[PDB]
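Enquirer:
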Amino acid sequence: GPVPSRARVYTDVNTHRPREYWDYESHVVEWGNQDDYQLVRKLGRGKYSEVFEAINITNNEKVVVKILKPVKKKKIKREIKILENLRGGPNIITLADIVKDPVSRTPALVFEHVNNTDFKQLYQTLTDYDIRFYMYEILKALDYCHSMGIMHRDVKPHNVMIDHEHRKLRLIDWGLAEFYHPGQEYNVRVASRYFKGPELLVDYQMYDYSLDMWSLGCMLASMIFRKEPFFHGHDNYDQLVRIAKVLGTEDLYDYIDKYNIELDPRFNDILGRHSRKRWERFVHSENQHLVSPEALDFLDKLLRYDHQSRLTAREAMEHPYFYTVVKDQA
Ligand SMILES: CNc1nc2cc(C(=O)O)ccc2c2cnccc12
Numbered sequence: 003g004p005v006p007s008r009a010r011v012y013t014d015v016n017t018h019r020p021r022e023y024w025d026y027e028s029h030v031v032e033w034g035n036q037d038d039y040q041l042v043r044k045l046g047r048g049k050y051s052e053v054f055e056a057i058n059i060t061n062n063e064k065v066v067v068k069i070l071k072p073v074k075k076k077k078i079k080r081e082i083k084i085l086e087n088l089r090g091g092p093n094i095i096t097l098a099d100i101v102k103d104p105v106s107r108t109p110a111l112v113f114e115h116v117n118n119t120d121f122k123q124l125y126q127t128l129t130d131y132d133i134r135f136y137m138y139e140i141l142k143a144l145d146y147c148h149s150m151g152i153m154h155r156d157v158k159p160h161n162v163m164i165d166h167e168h169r170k171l172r173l174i175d176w177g178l179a180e181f182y183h184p185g186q187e188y189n190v191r192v193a194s195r196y197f198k199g200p201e202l203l204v205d206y207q208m209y210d211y212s213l214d215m216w217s218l219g220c221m222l223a224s225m226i227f228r229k230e231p232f233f234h235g236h237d238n239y240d241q242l243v244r245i246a247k248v249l250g251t252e253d254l255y256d257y258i259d260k261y262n263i264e265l266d267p268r269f270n271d272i273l274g275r276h277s278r279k280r281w282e283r284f285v286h287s288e289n290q291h292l293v294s295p296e297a298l299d300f301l302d303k304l305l306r307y308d309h310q311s312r313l314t315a316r317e318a319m320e321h322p323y324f325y326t327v328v329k330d331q332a
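Residue numbers (the deposited numbering): 3 to 332.
1) Say the cut is 7 Å; is the CB of residue 68 nearer than that to a heavy atom of ligand 1?
2) Would you call the region 206-220 and the region 154-169 touching, i.e. three or more CB-CB distances under 8 Å?
3) I'd like the ranges of any alpha helix (DSSP H) spanning at least 4 consecutive residues and lying wholly in the region 89-175.
4) Shortest alpha-carbon distance to residue 226 belongs to which of 109, 28, 100 and 302?
5) What's the C-alpha gap between residue 6 and residue 153?
6) DSSP three-state call for residue 263: helix, strand or coil?
7) Keeping to the same chain, check which residues put their C-beta closer than 6 Å to that of residue 125; ignore five residues upstream and five downstream.
8) Taking the alpha helix (DSSP H) that residue 318 falls in, what are its first and last residues?
9) May I ask you to report which of helix, strand or coil DSSP gives residue 84?
10) Cβ-heavy atom distance between residue 33 and ligand 1 below 7 Å?
11) Of all the options 111, 130 and 231, which has the alpha carbon lying nearest to the alpha carbon of residue 122?
12) Please name the residue, chosen from 132, 144 and 42, that lies closest to residue 115 on a Cα-to-Cα basis.
13) Counting Cβ pairs, one atom from each stretch, are 3 or more of them under 8 Å apart for the region 306-313 and the region 272-287?
14) Please classify residue 78: does DSSP put it in a helix, a strand, or coil?
15) Would you say the beta carbon of residue 163 is closer than 7 Å to some non-hydrogen atom of ligand 1?
16) Is the CB-CB distance between residue 91 and residue 147 below 8 Å?
17) Can you have a look at residue 151 and say buried or exposed, based on whether 16 or more other CB atoms are within 10 angstroms of its CB?
18) Pick helix, strand or coil for residue 181, following the three-state DSSP scheme.
19) For residue 27 and residue 76, which I take to be in contact (beta-carbon distance under 8 Å), what is that distance rounded to the nearest angstrom?
20) Between the Cα of residue 188 and those of 51, 205 and 14, spot the shortest distance and give me the residue it belongs to.
21) Does any heavy atom of ligand 1 sit closer than 7 Å to the C-beta of residue 116?
22) Tell me whether the region 78-86 and the region 170-181 touch, counting them as touching only if at least three CB pairs, one residue from each stretch, are closer than 8 Å.
23) Output the distance between the C-alpha atoms of residue 15 and residue 144, rounded to the nearest integer angstrom.
24) Suppose contacts are defined by Cβ-Cβ distances below 8 Å. Is residue 78 in contact with residue 109 by that definition?
25) Should residue 288 be labelled buried (16 or more other beta-carbon atoms within 10 Å of its own) or exposed?
Structural data, given as structure tokens:
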């Protein structure tokens, strides 16, 4: 059976709390009236939701209503709990209200509005300093919620709302976030395919905060190489191959051994033998202004199979990649 694993930071944060902090299934939710908000326009469809710009009648402030698509009621309580738990954390989205349409009686979350620029036009225009700044701001959100016993489990560009005029950022969609408890085996069918850590692709269920750190590497590599996405796999099985073609197969296989992981028989063929590439293969004419010996070193220290050797959010923020943004924040 698979060797166990314990997160190497914030391992026991949750054990040390009142039970009601993390025992969300008993959380008693007070549902408001959704007529307090009039929907203006659809901002986007989701897999588990539909999101609308809306107006708060009382004050006239722009708001966002995320009507939740029908899932196990405790998953809603999980998301609500995690949001009331993180309220006011650096760069976390703010849950303004919880309501239910009086006619449909179908639950919805009301969040603060963010004048966001979507990454489809944004990531194509950021200077090297901008990539350092916003990445640092993501790390603020990740280290906070990790320190608070929560993994986000779905870090990807659509979930990072960026406001470029006021240089603000907020990390959103907490509907897949879980509380971390040492020894818990988690579901591996979480996150989006391009940002799935190798632990999810091989079905290693005792994962932790560090999964969020692989997703951040995928983003970092996607931005500094102007490749969206960086690991462009055809499914979950081929996704591991796209990773392996870059990180090498020796290493992956020691990772399988180090945890006595049972590989699917499917993987036993399509993976092959592959060397570990030097990141220089990916830098070309039109993306070298964004690459530096620093970014490469930071990036190398996120993309590791072994979830235990990834940087922590806290370690990431002390990387020299961020020395200037740390300075200009003084
Ligand atoms: C696709 N557009 C938006 N989706 C959101 C999703 C969540 C959530 O699921 O947590 C929270 C907030 C927003 C949001 C906020 N302001 C402007 C736009 C959006």
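From the three backbone atoms N, C-alpha and C, an ideal C-beta is built for every residue, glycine too.
Expert: For this structure:
1) yes
2) yes
3) 121-124 and 130-149
4) 302
5) 18 Å
6) coil
7) 225
8) 315-319
9) helix
10) no
11) 231
12) 42
13) no
14) helix
15) yes
16) yes
17) buried
18) strand
19) 5 Å
20) 205
21) yes
22) yes
23) 15 Å
24) yes
25) exposed
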